[PDB]
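Asks: Model the following, please.
(chains A and B)
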Amino acid sequence: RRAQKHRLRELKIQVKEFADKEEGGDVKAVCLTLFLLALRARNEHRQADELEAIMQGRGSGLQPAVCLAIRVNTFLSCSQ
DNA sequence: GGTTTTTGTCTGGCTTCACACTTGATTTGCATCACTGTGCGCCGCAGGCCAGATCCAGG
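Replies: Numbering: from 1, shown residues only, chains lettered A, B, ... in the order given. Here you go:
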């Protein structure tokens, strides 16, 4: 991670200086969207669907109201 | 009408994914069976062993 800062510590400046001009400065989703379109150019369409399902909390993860319904409706105590 | 956005196009060509079928060969889903519990209370009990108070009939 520290060397992924050391190798991208100029392109990181490029993406934060383009983020404020193109949309306004939203640093997460612009590189997310570049990663989606990079999978499009790399031609994986199911993998990007798993990506957006994760980033909507669907393909795994289990949004915590559903886990609450599972912990409640099967008589599971909190320790179990 | 401008201004930027929002979608459309191109054809040649690249990878990427679905399907044509079939016969087992699994794996996965769902009914089916005869039942459960929540429908009310209360306190010392049960089982057994033994020293000691009753007792009751024969000498």
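Asks: which residues touch stretch A:63-72?
Replies: If you take C-beta atoms under 8 Å, 6 or more residues apart in numbering as the criterion, stretch A:63-72 is touched by A:57, A:76, A:78. Where you see a C-beta, it was placed from the backbone N, CA and C, and this is true even at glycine.
Asks: so what's the second one closest to, chain neighbours aside?
Replies: It refers to residue A:76. Nearest-residue entry for residue A:76: residue A:70, 7.3 Å, with adjacent residues in sequence omitted and distances by C-beta to C-beta, 6 or more residues apart in numbering.
Asks: Same check on the first one?
Replies: Distances taken as C-beta to C-beta, 6+ apart place residue A:63 nearest to residue A:57, at 5.1 Å, with adjacent residues excluded.
Asks: what's the neighbour count on the residue in chain A that DNA strand B sits nearest to?
Replies: Residue nearest to DNA strand B within chain A (C-beta to the nearest atom of the strand): residue A:43, separated by 3.7 Å. Here the count is done by other C-beta atoms under 10 Å, and residue A:43 has 7 residues near it.
Asks: same deal with residue A:31?
Replies: 14.
Asks: From residue A:61, how far off is the residue nearest the centre of chain A?
Replies: In chain A, the residue lying closest to the centroid (C-alpha atoms, centre = their mean) is residue A:55, at 4.7 Å. In this structure, residue A:55 lies at 10 Å from residue A:61, with C-beta to C-beta, to the nearest Å as the measure.
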